[PDB]
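In what follows, a single structure is set out as structure tokens and then discussed.
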Amino acid sequence: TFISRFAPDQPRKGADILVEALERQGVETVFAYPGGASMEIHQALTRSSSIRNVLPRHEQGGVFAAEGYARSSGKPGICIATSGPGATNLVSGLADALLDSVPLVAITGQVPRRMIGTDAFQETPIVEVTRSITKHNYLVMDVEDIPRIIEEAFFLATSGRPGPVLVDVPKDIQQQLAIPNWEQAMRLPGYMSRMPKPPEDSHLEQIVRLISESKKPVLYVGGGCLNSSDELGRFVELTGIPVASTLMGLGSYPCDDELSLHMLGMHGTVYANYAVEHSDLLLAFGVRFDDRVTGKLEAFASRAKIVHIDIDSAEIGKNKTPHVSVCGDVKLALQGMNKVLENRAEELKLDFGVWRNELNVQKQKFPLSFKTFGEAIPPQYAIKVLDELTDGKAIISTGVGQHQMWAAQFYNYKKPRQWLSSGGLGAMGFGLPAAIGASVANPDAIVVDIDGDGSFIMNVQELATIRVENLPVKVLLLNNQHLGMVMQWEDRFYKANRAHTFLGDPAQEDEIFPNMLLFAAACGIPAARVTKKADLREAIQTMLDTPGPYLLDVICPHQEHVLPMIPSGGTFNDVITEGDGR
Amino acid sequence: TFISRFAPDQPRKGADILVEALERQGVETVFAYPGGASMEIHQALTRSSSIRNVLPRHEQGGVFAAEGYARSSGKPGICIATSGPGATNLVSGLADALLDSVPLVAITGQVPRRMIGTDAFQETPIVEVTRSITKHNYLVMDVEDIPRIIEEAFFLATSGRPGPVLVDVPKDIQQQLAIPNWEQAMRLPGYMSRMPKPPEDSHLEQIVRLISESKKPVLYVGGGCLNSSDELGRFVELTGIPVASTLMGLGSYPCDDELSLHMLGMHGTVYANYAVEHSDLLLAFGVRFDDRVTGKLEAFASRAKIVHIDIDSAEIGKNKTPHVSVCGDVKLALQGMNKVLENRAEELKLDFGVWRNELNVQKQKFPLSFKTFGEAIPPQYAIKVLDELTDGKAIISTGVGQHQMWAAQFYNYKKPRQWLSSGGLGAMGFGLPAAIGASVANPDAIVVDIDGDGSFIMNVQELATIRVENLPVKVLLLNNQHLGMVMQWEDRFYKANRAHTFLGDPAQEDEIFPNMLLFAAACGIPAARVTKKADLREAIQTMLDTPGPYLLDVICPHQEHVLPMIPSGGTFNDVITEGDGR
Amino acid sequence: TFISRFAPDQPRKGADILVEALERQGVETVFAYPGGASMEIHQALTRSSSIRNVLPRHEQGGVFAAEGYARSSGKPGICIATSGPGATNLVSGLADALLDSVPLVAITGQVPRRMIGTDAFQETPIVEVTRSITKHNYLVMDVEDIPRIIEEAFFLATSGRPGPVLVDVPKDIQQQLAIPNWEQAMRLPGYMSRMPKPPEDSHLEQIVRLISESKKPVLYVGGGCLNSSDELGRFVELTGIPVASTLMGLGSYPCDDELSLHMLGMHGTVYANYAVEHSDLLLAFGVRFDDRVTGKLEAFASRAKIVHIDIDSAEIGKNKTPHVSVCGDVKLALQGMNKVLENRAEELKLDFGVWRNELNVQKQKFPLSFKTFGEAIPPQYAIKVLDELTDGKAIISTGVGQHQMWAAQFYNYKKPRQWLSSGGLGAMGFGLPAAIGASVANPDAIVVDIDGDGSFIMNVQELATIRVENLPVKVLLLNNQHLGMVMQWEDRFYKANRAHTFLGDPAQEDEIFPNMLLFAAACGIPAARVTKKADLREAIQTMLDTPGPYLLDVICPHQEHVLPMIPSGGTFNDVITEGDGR
Ligand SMILES: Cc1cc2nc3c(=O)[nH]c(=O)nc-3n(C[C@H](O)[C@H](O)[C@H](O)COP(=O)(O)OP(=O)(O)OC[C@H]3O[C@@H](n4cnc5c(N)ncnc54)[C@H](O)[C@@H]3O)c2cc1C
Ligand SMILES: Cc1cc2nc3c(=O)[nH]c(=O)nc-3n(C[C@H](O)[C@H](O)[C@H](O)COP(=O)(O)OP(=O)(O)OC[C@H]3O[C@@H](n4cnc5c(N)ncnc54)[C@H](O)[C@@H]3O)c2cc1C
Ligand SMILES: Cc1cc2nc3c(=O)[nH]c(=O)nc-3n(C[C@H](O)[C@H](O)[C@H](O)COP(=O)(O)OP(=O)(O)OC[C@H]3O[C@@H](n4cnc5c(N)ncnc54)[C@H](O)[C@@H]3O)c2cc1C
Ligand SMILES: COc1nc(C)nc(NC(=O)NS(=O)(=O)c2ccccc2Cl)n1
Ligand SMILES: COc1nc(C)nc(NC(=O)NS(=O)(=O)c2ccccc2Cl)n1
Ligand SMILES: COc1nc(C)nc(NC(=O)NS(=O)(=O)c2ccccc2Cl)n1
Ligand SMILES: [Mg+2]
Ligand SMILES: [Mg+2]
Ligand SMILES: [Mg+2]
């Protein structure tokens, strides 16, 4: 079926083998920045006609783009970098991919094998450096292993709990001529035997049983449900259980639905956190009981039976000890429970209307809210407008901080892989590159990066990439001249004592600095600024209607605070629902 | 002597202790970017009146600035970052500092101790990640250890072979109140006992003896001589031995001197490499026999007695086996030999005029040269002009690649700590941030970053820093629209098959992209472009005369090649002296 | 309360501090073998009047003795060794203690700090070597830390899941004078916060509920119940659930009871494995679903709801995924469930008589059995006799192999800490030293080491220890001239092809070699041999009645096979119930 470009008996460079190894895996796009140790690989890349390379302007841009690509498509993201500085520049991306469980395969060039460990030119023990921040990594010591290792990397990166896998390739191996063997079996006996088996009906029926016995059930859905949109949907229309989502799970269940409790956690809706606080049955599907969501573990869902379904056994009982657990693919567990629910339907007569109403009153007394001051632009409103004008069908990537929380709170994601945000590591400068990857993976999609002025500038060099690759990336930059989230904490716990959180120029305290419009102009990207809430709709509409890349600099008053808010390690009774930096 | 800001019996936060620990070390400047895990530290920082913080726009900018500061002053560079993404963003800087032996102390915030290892919010096992890329690192587990650890870090970072040291500080320890003890003794028994003792007269006199017995001696000076400018100078006027320098040693011995052979190695002068190739006595002072300098080890200085003086025993005999060695401070060895040379002068009658002439004919037949095409600007010429107009008194930082080689070849550094360049790791995007650190460390100095368009854009966000900090940083950007060095290799070994080395926009192949002038404008930094060699002097002069920051975009034809060139792993007989991309 | 031997302000050697640190922990016995690096510690030991040292003849003897002491008392075992060879000789003991979760604190001397890493005299990176085979270890770098580290070691070794903890003490620190501070707080924030909290009533009642709903319940008790003898007993008299035990759990529930199913697993009774195979509710208390017990995981308790209570979260769901779990002290869970069971007793009306009878028929059709040939001594019978003559009140330690299985199968342990056997690592030569520790910990107890001729000889040198310490250790040596278990496997899966499993002398195939009686005589220990089953009772009785140490060499035909037997990775349907080496 696969048509190679070399005779089955014709020897070729290891670099060429590595590229074919990629084509055989179905790869079509890679984000690679050339360097001495990886030149051979780049040369091999130009010989490929099925793989396109998106040259970033910084290796970190490359990784984040790869993540964007992966997070928005469901396939693994591939980035390539040279040795030393090239390799060390991917570190944040790898750590990010590991914490958010994003399938990713990073390939780095290395100095020739014989020089490893000699402090050679541009040498870095990347395998050693990245062992704790990757799902697994390799150091290819023989051209003969390229096929097997590549197959294993993709397998490991995509199977079970997705994650990043790095493959270190010495330059001399890239040049070694050889005849590849694509029939070799992978050496993952331990991993294979550990792979969860399909869920047992005994376990699933016990769950359906717990549901019928509960009066206040609550679904706690996370990043693990990203591929169970339909299954989860059906499950909810068969149980009528309210759905609370984590930052990573947004979109698994349409935010625009009456059964939706929206996001829970530190900055979750009061009703979502309420539901969990008073639930008698917590269905944790594809979540990891993060401190951002739980606060004080002992107080989290303290009055209910916890059912936890996870593909990673290491997560079951890590922070919260479940009453019932299922180590497997939540998608399969849902399909299983759905059948049981469809059959034993009449005899179950599930009805949580009383609970739903208890929550709907909370949803009404404590809804998400924002204040409008004069003609100042409320960031929440801007995002709300983008939603309307894009009809909630846009792929949204973001930076980290307040704008990120608002992008999560005021945009209703219809489907998963529409929300691209760094949740676990929370790495700034992720938004723009991620958008780049998402755009390449979804050419006909509306891609909007809702960024912050601090996050946006970190990888601003990627604007060059966007132009040269002619990607229709839109940038909704919520400019508040500060490091928002840190500022909010200064206001709340440090008597508003500013400590290096102001990003503008003190010499001209009132001038917007820098001028993001000029960064755009430098890369030939049309841009505009908005300051009056009245001009907001037309401005956003323009951004959307203008073909190609576009940057809309939205000025916002910095004293805005993300609400509600439960201080770190706090309880639902510690939730803050009012106040700001004014 | 030291006046604290807290009563000797008044308990204060660990954060405040950490800051005082810094003041007690003489620190006046730190490059810190605030984050949740490091908020306490930033708050403590604002309470200090002796330490100023230069807020970068990217943690990598912070590290590189810290390196710049260190490399240009001789003191350790200090950078601070928050946990997770903050910490991972320093990795390239740390690796860079370790490979170039730059004294540096990096401090990172960590999640609260009890949460370590739980995949907490913004958590990264930084100590684990950085163990192989730092001279040493720590994880503070008790506020009581802050004083001792900080003292040890600075001691380790600055003593022996300088290098980076990272200190991980959990947030809960930053908040813990305690009464510091500054009298605690450091726990470095192994390290202390390993510290080299002053050189023995027996060893030194044997060397002076080898000198008198040699007819073709050659000094091979490196980064280890950065603090022996005077000693080395005197040594040369007492021996008349020609001096060859490494990329890291530039400036140790004035490049503008008849005894100077300039730089040796891959892109060294033909005469410097010649001298070493035919020397009978190689005096390797403060060097590490890097593959970039030696090429094929067996062929390197194959006909001579090698004397190697290094502060690191691990380096003596690592790649080249010496005939005579001295493990100690080259500065002391030089002072020692100088005395011997001054006394036994008359009885020594050292005269290598014949050797010097054999070399001076080579210096005349094979000098550094460049071609001028029409009115196109030769990068070599631009750097040559900057030298003249600054009278070689400027602190020069650079990026990596061809421009870097030219900045090394065509500027005559009078003193050490004037040349700030990433040699071992060769990290791109180092130039601008490094200049920032150098400027802060040397407020009244002329600081010029000779950058490349590829390297410059990677950390372009630091332009914001330069403006807001009102630093007189000048940027001599040699714009060739390509990744020069990789391009050169494509031309030489890949039939000029371009593979992602073009940085401009293919849609407008002839338009200069991006427009670096607009990046400058965005940060309110005056800029200008030059294309005609005729307008070069006036342009540079303007850059220099214009008060404050300035960016001069110098367009250069990309087909330029760095020469001479000895291919990797090659011999002096493999040196390439002609040709380019035309 | 504690009376030191030094003035509260009088400085003393670190060695003396370490010893007092031990006395303050309640230590009374340590097993230490002197060496250069630990001389100071031994000297300090002689100054103590509350701690006695039992000098072994081999450091391995020391560790195994320490394990014996711990396993038979419930307190931690303490062994001390010098640097290098001393330290490496404890390795098997540490690994053994970790796998069986035996509380143990090992202290080793180290070379002076400054010499660490220099390949010094008798130096070994023991901390590095033992990191993967100890619960935790330390390298003391300052005399000031001795108090804290010792406290932490004992705390870590005894709390949660007990295990070994090694403390490396450099010689120079042993000699350093200092004034100890016993008030210092331990630095175990992570560990402390991880310690399981008392079980919740919600979880416990769900379990009691599952019990009332089950028809075929089976208790699967392990080493975790060693301190819940009473609780478990009460639990069984309130539920009437049959009890199956692991090799490590023997004695938790009296083997001489109608509700007892005895041991399960590879060599478990047919009825115990049957019960588990057909159970609908498996109560796994204090077990780790070892491959020796489960065989093929998918087939293990495949038809039942698994409730797993473990003090180590890492164990819950490791090999078998539970339906219900409880991470906590099984002792507390039992006390909790017992109350619920006592109250809701009448309304529960628990009665599993039908199940018990289904099992009692199996217990009758497939009981433990052995064949008697002529006058040859059946090892099973010998152990059976020892049981009778000691009235099952003896502390039994063993070696590894067939004799071990028989000691487990044919002796009815009344209480826990009566069975001392290496289960996880299965280390030979454990029996004799372990008995030594058990005897010292229980001076008035009958201590019998049921050993094998292969296992017995490995640490035969400890016979010297037994004599000199005048310990009433009895040795019931089942001599079969072979490596029994390996031989059995040769017979079963290798066509009885002997491969180095014969321990006698081939020159005299029929002579018993060696003559264990003479090893005993060498250490002045009375001994005797038995060959005829008729003389067995009188012989054993003599061994028991003779005051002091005694060795009874019991000759047995080697063709005996342990039965029943389920081949590794097998199913209950693969159980072998007949055959031998004849
Ligand atoms: C400024 C900031 C503020 C934040 N505030 C909040 C907040 O208020 N609320 C909030 O929710 N988060 C918040 N976060 C995000 C937060 O840090 C965590 O990233 C997020 O809570 C993790 O959610 P998750 O566990 O659901 O998803 P993940 O972290 O993606 O974990 C998914 C889990 O699902 C399992 N799984 C994966 N695939 C499958 C499958 N096929 N079948 C079954 N199981 C599977 C995994 O192995 C894993 O255990 C914030 C982050 C930042 C940067
Ligand atoms: C594109 C590119 C091209 C390059 N081309 C060249 C080239 O052609 N020629 C070239 O020279 N380099 C070149 N390099 C730089 C090269 O990679 C190495 O960084 C450089 O050769 C190292 O020189 P060094 O050993 O002298 O200095 P360092 O790497 O700084 O090593 C100094 C040594 O001195 C010892 N020492 C330190 N302090 C003291 C003291 N007080 N007393 C005694 N000993 C001490 C150290 O411990 C160490 O062993 C290039 C780099 C790049 C990025
Ligand atoms: C030759 C040979 C043959 C063998 N044959 C068999 C056989 O046929 N059958 C068999 O059973 N074994 C057999 N074994 C022993 C076997 O290898 C394992 O050591 C044994 O099965 C382990 O049993 P366990 O899990 O119950 O106990 P352990 O290994 O001691 O594990 C106890 C578990 O309890 C938990 N726990 C500890 N303290 C507490 C507390 N206070 N509260 C709650 N939980 C706690 C632990 O953390 C752990 O997970 C054999 C060994 C050898 C050498
Ligand atoms: C300036 O040196 C340089 N520039 C490019 C673009 N490529 C390389 N390649 C190179 O040196 N390759 S090598 O494999 O012989 C090598 C030798 C030692 C350490 C690393 C590497 Cl990559 N060099
Ligand atoms: C959005 O969360 C956030 N933002 C800021 C600016 N600071 C913090 N700090 C925080 O959570 N501190 S904490 O020490 O309680 C902590 C708990 C768990 C993991 C990491 C950290 Cl720093 N949070
Ligand atoms: C034969 O050497 C010897 N014998 C005994 C009984 N004790 C010691 N002790 C010794 O050498 N102590 S030392 O602490 O100075 C030491 C130095 C280097 C390496 C290890 C040790 Cl223990 N020596
Ligand atoms: Mg902002
Ligand atoms: Mg360039
Ligand atoms: Mg035997």
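If you're wondering about the labels, chains in the structure tokens are A, B, ... by order shown, residues count from 1 in each chain, ligands from 1 in order shown.
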Can you pull out every residue from segment 10-177 of chain C that DSSP, working from the backbone, puts in strand (DSSP E), and format the result as a PDB file with C-alpha atoms, in the first residue's frame?
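Output below, filename selection-v7.pdb:
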ATOM      1  CA  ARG C  12      30.288  14.800  72.401  1.00  0.00           C
ATOM      2  CA  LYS C  13      31.217  12.814  69.308  1.00  0.00           C
ATOM      3  CA  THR C  29      19.390  -4.474  70.418  1.00  0.00           C
ATOM      4  CA  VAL C  30      21.440  -3.880  67.285  1.00  0.00           C
ATOM      5  CA  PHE C  31      23.300  -6.338  65.060  1.00  0.00           C
ATOM      6  CA  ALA C  32      26.650  -4.777  64.269  1.00  0.00           C
ATOM      7  CA  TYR C  33      29.902  -6.040  62.770  1.00  0.00           C
ATOM      8  CA  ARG C  52      23.169  -4.772  73.511  1.00  0.00           C
ATOM      9  CA  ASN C  53      24.982  -5.725  70.337  1.00  0.00           C
ATOM     10  CA  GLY C  77      15.329  -4.175  63.299  1.00  0.00           C
ATOM     11  CA  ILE C  78      18.650  -2.371  63.529  1.00  0.00           C
ATOM     12  CA  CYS C  79      21.871  -3.470  61.881  1.00  0.00           C
ATOM     13  CA  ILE C  80      25.146  -1.612  61.622  1.00  0.00           C
ATOM     14  CA  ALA C  81      28.013  -2.228  59.218  1.00  0.00           C
ATOM     15  CA  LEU C 104      14.283  -1.876  59.379  1.00  0.00           C
ATOM     16  CA  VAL C 105      16.943   0.769  60.002  1.00  0.00           C
ATOM     17  CA  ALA C 106      20.412   0.035  58.646  1.00  0.00           C
ATOM     18  CA  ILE C 107      23.357   2.227  59.582  1.00  0.00           C
ATOM     19  CA  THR C 108      26.624   2.135  57.658  1.00  0.00           C
ATOM     20  CA  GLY C 109      29.901   3.890  58.184  1.00  0.00           C
ATOM     21  CA  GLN C 110      31.341   5.849  55.280  1.00  0.00           C
ATOM     22  CA  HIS C 136      14.455   5.643  51.713  1.00  0.00           C
ATOM     23  CA  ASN C 137      18.107   6.361  52.568  1.00  0.00           C
ATOM     24  CA  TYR C 138      20.372   9.199  53.721  1.00  0.00           C
ATOM     25  CA  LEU C 139      23.963  10.421  53.586  1.00  0.00           C
ATOM     26  CA  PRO C 164      14.067  -0.537  55.343  1.00  0.00           C
ATOM     27  CA  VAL C 165      15.832   2.814  55.666  1.00  0.00           C
ATOM     28  CA  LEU C 166      19.604   3.160  55.397  1.00  0.00           C
ATOM     29  CA  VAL C 167      21.642   5.919  57.013  1.00  0.00           C
ATOM     30  CA  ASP C 168      25.160   6.539  55.709  1.00  0.00           C
ATOM     31  CA  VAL C 169      27.475   8.161  58.275  1.00  0.00           C
ATOM     32  CA  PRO C 170      30.915   9.507  57.219  1.00  0.00           C
ATOM     33  CA  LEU C 177      32.106  16.994  68.666  1.00  0.00           C
TER      34      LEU C 177
END
Point to revise | Within 12 Å of segment 321-329 of chain B using only C-alpha atoms, minus same-chain residues under 4 positions, as a count of residues only | key: 59
Practice item. Please identify the residues whose atoms come within 8 Å of ligand 9, using only C-alpha atoms and all ligand atoms, and report them as a list in words. Key: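 Selection of residues at most 8 Å from ligand 9: residues 401, 402, 403, 452, 453, 454, 455, 478, 479, 480, 481, 482, 483, 484, 485, 503 and 558 of chain C.
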Can I get the residues of chain B within 10 Å of ligand 4, each with the closest pair of atoms and their distance in Å to one decimal, using only C-alpha atoms and all ligand atoms, sorted chain first then ascending number, as CSV?
residue,atom,partner,partner_atom_place_in_ligand_line,distance
B:266,CA,ligand 4,1 (C),7.6
B:267,CA,ligand 4,1 (C),8.2
B:290,CA,ligand 4,18 (C),8.9
B:291,CA,ligand 4,18 (C),6.1
B:292,CA,ligand 4,18 (C),7.4
B:295,CA,ligand 4,17 (C),8.8
B:400,CA,ligand 4,1 (C),8.8
B:401,CA,ligand 4,1 (C),6.7
B:402,CA,ligand 4,1 (C),8.1
B:404,CA,ligand 4,1 (C),9.9
B:405,CA,ligand 4,1 (C),8.7
B:424,CA,ligand 4,19 (C),9.9
B:425,CA,ligand 4,20 (C),9.9
B:426,CA,ligand 4,1 (C),9.0
B:483,CA,ligand 4,6 (C),8.8
B:484,CA,ligand 4,6 (C),8.2
B:485,CA,ligand 4,6 (C),4.9
B:486,CA,ligand 4,6 (C),3.8
B:487,CA,ligand 4,6 (C),7.2
B:488,CA,ligand 4,6 (C),7.1
B:489,CA,ligand 4,6 (C),5.4
B:490,CA,ligand 4,6 (C),8.0
B:493,CA,ligand 4,7 (N),10.0
B:562,CA,ligand 4,1 (C),9.5
B:565,CA,ligand 4,1 (C),9.3
B:566,CA,ligand 4,2 (O),9.7
B:567,CA,ligand 4,11 (O),7.6
B:568,CA,ligand 4,15 (O),4.5
B:569,CA,ligand 4,15 (O),6.0
B:570,CA,ligand 4,15 (O),9.0
Review point. What does the distance between atom CA of residue 21 of chain B and atom CA of residue 148 of chain B come to in Å, to one decimal place?
Key: 8.8 Å
